[PDB]
Each structure stands twice: as structure tokens, then as C-alpha cells.
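Right, one structure below, let's go through it.
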Amino acid sequence: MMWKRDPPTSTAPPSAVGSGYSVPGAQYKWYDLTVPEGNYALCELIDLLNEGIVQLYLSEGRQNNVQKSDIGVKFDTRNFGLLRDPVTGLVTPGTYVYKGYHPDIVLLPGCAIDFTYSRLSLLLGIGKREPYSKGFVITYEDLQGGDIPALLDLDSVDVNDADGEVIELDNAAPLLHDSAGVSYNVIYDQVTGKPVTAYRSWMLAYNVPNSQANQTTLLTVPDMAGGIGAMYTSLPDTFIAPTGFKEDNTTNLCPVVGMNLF
Amino acid sequence: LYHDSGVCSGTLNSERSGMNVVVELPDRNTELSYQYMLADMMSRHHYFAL
């Protein structure tokens with residue numbers, strides 16, 4: 001999540017609508033996010049993951065001149081590409097549907113999340129279509145096509161709450177920032193239609209049925225049972241080893257006697 | 001050597017008959033048994049470094 005960045009050229013909120021995502025002097029390094037051990041529900045687990053990402057930011061990236069709009073990795077549950085307009089290309093309400101549907105990954109360009117040494121992916125409901133494939137990494141490019149639609153600002157198109165109308169056109173603009181200054185990184189994509197922010201939600205990448213997030217990843221229920229596999233009960237001192245087991249009593253690799261799920 | 005410990009004992013066994021054929025009981029004294037045997041076979045003032 002881009003530990004190092006150069007100082008900003010301008011502190012003011014942006015006024016141009018993207019036209020090319022660029023973070024000068026962006027250096028990216030892998031982290032080790034860790035939530036405290038304990039029995040949690042999924043909402044609070046995602047909250048702890050987000051707080052841990054914030055802490056990983058505060059540890060070195062905050063002091064290293066990061067614009068605070070460059071928090072690369074975030075765990076969310078919103079369906080960002082919802083209540084948009086096919087013509088306007090932006091979400092009509094001006095905000096996002098604050099309803100949780102399934103855990104989601106939001107990544108800035110150059111950012112990634114790595115589940116290859118953790119079964120927390122099974123807790124998020126994100127699984128690889130090929131669970132035996134070596135390495136399960138969700139990079140920014142793996143989310144291509146899952147661009148988060150930008151937010152239609154109410155101030156620009158203010159006919160919705162004016163002069164007894166709700167329909168207006170060609171004044172449509174996206175929120176280039178928020179109320180508290182910080183930007184949304186709203187840009188024009190390569191197919192420069194309506195502007196969309198460069199966040200590449202995994203939900204939207206999966207929902208578009210073409211490829212990548214469907215042919216590599218899998219959207220399943222979050223399955224908060226911990227994702228634990230099978231448990232092997234063994235009685236080396238009263239059972240002859242099953243066929244294919246060697247008699248290894250004075251060790252932890254005893255012949256498995258009873259098979260059972262966790 | 002972990003003698004007379006049933007929880008951390010050794011294992012000598014064959015391959016075709018993989019059954020462990022060494023059983024160590026916590027209520028026996030292997031080291032003192034060796035002490036008494038060795039003292040009976042010969043006097044203890046001899047210093048055998050091996």
C-alpha cells in the first residue's frame with residue numbers, strides 16, 4: 001500500500017477530472033497485516049482489518065508524505081457499482097449504497113493483497129477458482145473492469161432538488177474529492193467514457209461476467225467457521241496402523257485412526 | 001538418555017512387523033539397574049573413560 005510518496009505539489013482539493021492516474025515517486029512494499037486473535041463476527045473482523053491497515057499506514061506511510069487518499073488496500077462490503085445511470089455513468093444519489101453484501105477488496109493502482117500464506121481468504125468469502133494453484137494474490141490488474149463508478153455531485157447537477165425537476169444532462173460531474181478535502185482519484189479510463197475513480201473493487205470485477213475475477217477467483221459465502229480443515233484423531237497404542245501407515249508411536253505423526261471434520 | 005519415561009521413550013522395531021518392541025515403564029530404574037549391574041561385574045574405582 002505505497003509506503004513512500006513525494007510531498008504533494010498542491011494541498012488544495014483537485015479540480016480537474018483525472019485524465020491519467022499518477023502518483024509521483026510512489027514506492028510499494030509488502031506488509032504483514034495482522035488482526036488480534038479471537039472469536040469475532042465478520043463485520044468486526046473487517047473493521048479490525050481496516051484498523052490494521054490504518055495502523056500500517058500510520059506506522060511509516062503517514063510520516064513519509066502519503067496524501068492519505070493513497071490507502072491502497074481496504075476491506076469493504078458495499079456494492080459500489082449500484083444505483084448508477086447507464087447514460088450518466090455515475091451513481092445518481094451522490095453517495096454509495098451503505099449496505100453490506102459480501103467482503104470486498106479495494107486496491108489503488110500498484111497495490112495488491114496476498115492470501116497465499118493465510119486462510120483468512122476463506123473467511124472473506126474470496127476463494128480461488130483453482131484452490132491448488134500455487135499462490136493466491138489479488139493484484140490491482142487482476143481487478144480490471146471492476147472500476148468503482150464515480151459519484152455524481154449534487155451541486156453541479158442541482159436540478160434534482162430545484163424547479164420541480166429531477167432530470168438534467170451534460171452538467172454531470174463526479175466528486176473529485178469529499179467533504180474533508182481528500183480526493184477520490186477520479187480519472188478517465190482507457191476507454192474514456194464517463195469518468196470513474198481508479199479503485200477497482202473486487203465485487204465489481206467479479207460481477208462483470210467477462211473474465212479474470214470470474215475465471216480466477218470465486219465469490220462464496222464468507223463462511224465465518226474459521227475455514228479449518230479436518231481433524232485426525234489417532235490412537236497409536238491400541239490400533240494397528242491402517243493400510244499405508246507406518247508405526248510411528250513416539251511422535252506426532254501417528255497413524256490416523258479416526259477421521260472427522262473440525 | 002530418556003530411560004524409564006513412558007511419555008518420551010525410544011522406539012526399536014522391525015519393518016515388516018512394525019510393532020514397537022521396547023516398552024519403558026515409569027516405575028522401573030534403568031540407570032540404577034545399570035549402576036548395580038556394573039558395580040557387581042567389577043569394582044567401581046576403575047575409571048573407564050569411554
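By convention here, the chains of the C-alpha cells are called A, B, ... in the order presented, each chain's residues are numbered starting at 1, and ligands are numbered starting at 1 in the order presented.
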* Show me which bits of chain B are within 9 Å of chain A, counting only C-alpha atoms, as a list in words. => residues 7, 8, 9, 10, 11, 13, 15, 18, 19 and 20 of chain B
* **8 Å contact set for residue 204 in chain A, only C-alpha atoms, chain neighbours under 2 positions out, as a VMD selection string** => chain A and resid 79 to 81 145 to 148 200 to 202 206 to 208
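Residue nearest residue 128 in chain A within the list A:15, A:233, A:9, A:212: A:212 [criterion: smallest interatomic distance, only C-alpha atoms].
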* residue 24 in chain A environment, 8 Å, only C-alpha atoms, sequence neighbours closer than 2 positions dropped, as a PyMOL selection string -> chain A and resi 5-6+22+26
Write the residues of the selection above to a file with N, CA and C atoms, as an mmCIF file, in the first residue's frame.
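Result file follows (again-v2.cif):
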data_model
loop_
_atom_site.group_PDB
_atom_site.id
_atom_site.type_symbol
_atom_site.label_atom_id
_atom_site.label_comp_id
_atom_site.auth_asym_id
_atom_site.auth_seq_id
_atom_site.Cartn_x
_atom_site.Cartn_y
_atom_site.Cartn_z
ATOM 1 N N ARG A 5 5.932 8.214 -0.630
ATOM 2 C CA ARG A 5 5.457 9.113 -1.670
ATOM 3 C C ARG A 5 6.115 10.472 -1.476
ATOM 4 N N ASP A 6 6.306 11.189 -2.580
ATOM 5 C CA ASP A 6 6.877 12.522 -2.515
ATOM 6 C C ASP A 6 5.872 13.503 -1.909
ATOM 7 N N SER A 22 -1.796 9.199 -11.594
ATOM 8 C CA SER A 22 -0.352 9.322 -11.431
ATOM 9 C C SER A 22 -0.048 9.733 -10.001
ATOM 10 N N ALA A 26 5.983 7.022 -6.233
ATOM 11 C CA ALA A 26 5.261 6.016 -5.467
ATOM 12 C C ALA A 26 6.114 4.762 -5.336
#
* To do: Name the residues of range 80-188 of chain A that fall into strand (DSSP E or B) according to DSSP on the backbone, using the chain letters and numbers of this document, as a ChimeraX atom specification.
  => /A:84,91,104-107,112-114,126-128,137-139,148-149,151-152,162,165,174,177,183,186-187
Could you write out the selected residues, including N, CA and C atoms, as an mmCIF file, in the first residue's frame?
data_model
loop_
_atom_site.group_PDB
_atom_site.id
_atom_site.type_symbol
_atom_site.label_atom_id
_atom_site.label_comp_id
_atom_site.auth_asym_id
_atom_site.auth_seq_id
_atom_site.Cartn_x
_atom_site.Cartn_y
_atom_site.Cartn_z
ATOM 1 N N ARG A 84 -26.244 3.342 -10.300
ATOM 2 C CA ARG A 84 -25.648 4.227 -11.282
ATOM 3 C C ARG A 84 -26.605 4.367 -12.461
ATOM 4 N N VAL A 91 -23.192 7.359 -10.070
ATOM 5 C CA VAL A 91 -24.257 6.984 -9.146
ATOM 6 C C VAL A 91 -25.151 8.194 -8.907
ATOM 7 N N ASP A 104 -15.257 -7.316 0.282
ATOM 8 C CA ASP A 104 -14.741 -6.835 -0.987
ATOM 9 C C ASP A 104 -13.376 -6.203 -0.760
ATOM 10 N N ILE A 105 -12.572 -6.177 -1.820
ATOM 11 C CA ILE A 105 -11.215 -5.649 -1.775
ATOM 12 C C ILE A 105 -11.137 -4.447 -2.706
ATOM 13 N N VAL A 106 -10.660 -3.324 -2.178
ATOM 14 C CA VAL A 106 -10.462 -2.100 -2.945
ATOM 15 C C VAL A 106 -8.968 -1.819 -2.995
ATOM 16 N N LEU A 107 -8.429 -1.666 -4.204
ATOM 17 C CA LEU A 107 -6.990 -1.547 -4.399
ATOM 18 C C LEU A 107 -6.666 -0.358 -5.288
ATOM 19 N N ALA A 112 -1.802 -4.518 -3.955
ATOM 20 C CA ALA A 112 -2.212 -5.911 -4.038
ATOM 21 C C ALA A 112 -2.448 -6.448 -2.636
ATOM 22 N N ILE A 113 -3.145 -7.578 -2.577
ATOM 23 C CA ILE A 113 -3.359 -8.321 -1.342
ATOM 24 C C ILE A 113 -2.960 -9.768 -1.585
ATOM 25 N N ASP A 114 -2.335 -10.384 -0.585
ATOM 26 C CA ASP A 114 -1.717 -11.698 -0.735
ATOM 27 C C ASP A 114 -2.321 -12.657 0.280
ATOM 28 N N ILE A 126 -13.699 -14.999 -0.350
ATOM 29 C CA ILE A 126 -12.948 -14.927 -1.595
ATOM 30 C C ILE A 126 -12.121 -16.196 -1.709
ATOM 31 N N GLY A 127 -12.367 -16.970 -2.754
ATOM 32 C CA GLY A 127 -11.613 -18.181 -2.994
ATOM 33 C C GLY A 127 -11.137 -18.234 -4.429
ATOM 34 N N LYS A 128 -10.017 -18.918 -4.629
ATOM 35 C CA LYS A 128 -9.516 -19.106 -5.980
ATOM 36 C C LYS A 128 -10.328 -20.179 -6.690
ATOM 37 N N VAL A 137 -2.916 -14.374 -5.086
ATOM 38 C CA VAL A 137 -2.682 -12.945 -4.921
ATOM 39 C C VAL A 137 -3.714 -12.197 -5.748
ATOM 40 N N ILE A 138 -4.321 -11.177 -5.153
ATOM 41 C CA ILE A 138 -5.261 -10.305 -5.847
ATOM 42 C C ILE A 138 -4.545 -8.981 -6.071
ATOM 43 N N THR A 139 -3.974 -8.807 -7.259
ATOM 44 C CA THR A 139 -3.301 -7.567 -7.602
ATOM 45 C C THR A 139 -4.306 -6.575 -8.178
ATOM 46 N N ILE A 148 -14.602 1.255 -9.789
ATOM 47 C CA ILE A 148 -15.696 1.807 -8.985
ATOM 48 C C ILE A 148 -16.259 3.037 -9.689
ATOM 49 N N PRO A 149 -17.561 3.092 -9.960
ATOM 50 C CA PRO A 149 -18.126 4.280 -10.605
ATOM 51 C C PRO A 149 -17.987 5.504 -9.715
ATOM 52 N N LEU A 151 -18.900 9.365 -8.238
ATOM 53 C CA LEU A 151 -20.102 9.835 -7.562
ATOM 54 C C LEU A 151 -20.586 11.133 -8.195
ATOM 55 N N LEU A 152 -21.826 11.126 -8.677
ATOM 56 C CA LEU A 152 -22.421 12.304 -9.302
ATOM 57 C C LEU A 152 -22.665 13.375 -8.247
ATOM 58 N N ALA A 162 -34.442 21.180 -7.552
ATOM 59 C CA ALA A 162 -34.748 22.532 -7.990
ATOM 60 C C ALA A 162 -35.900 22.509 -8.984
ATOM 61 N N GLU A 165 -38.048 19.535 -10.788
ATOM 62 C CA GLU A 165 -37.499 18.606 -11.764
ATOM 63 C C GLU A 165 -36.568 17.627 -11.064
ATOM 64 N N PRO A 174 -18.346 14.295 -11.592
ATOM 65 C CA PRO A 174 -18.119 13.423 -10.437
ATOM 66 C C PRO A 174 -17.494 14.157 -9.262
ATOM 67 N N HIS A 177 -13.338 15.017 -4.952
ATOM 68 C CA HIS A 177 -12.880 14.864 -3.580
ATOM 69 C C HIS A 177 -14.107 14.639 -2.705
ATOM 70 N N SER A 183 -9.078 13.383 -1.759
ATOM 71 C CA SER A 183 -9.545 13.090 -3.106
ATOM 72 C C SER A 183 -10.136 11.687 -3.209
ATOM 73 N N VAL A 186 -10.562 10.302 -9.020
ATOM 74 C CA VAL A 186 -11.494 10.099 -10.124
ATOM 75 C C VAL A 186 -10.801 10.485 -11.423
ATOM 76 N N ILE A 187 -10.701 9.533 -12.350
ATOM 77 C CA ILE A 187 -9.966 9.706 -13.592
ATOM 78 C C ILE A 187 -10.837 9.249 -14.758
#
* Quick one: residues within 10 Å of range 27-33 of chain B, only C-alpha atoms counted, chain neighbours fewer than 6 positions away excluded, as a PyMOL selection string? -> chain B and resi 1-6+39
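Between CA of residue 72 in chain A and CA of residue 1 in chain A the interatomic distance comes to 4.4 Å.
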* alpha helix (DSSP H) call set, DSSP backbone run, range 115-146 of chain A, as a list in words -> residues 120, 121, 122, 123 and 124 of chain A
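Ranking A:130, A:32, A:70, A:51 by their shortest atom-to-atom distance to residue 218 in chain A, with only C-alpha atoms included, puts A:130 first.
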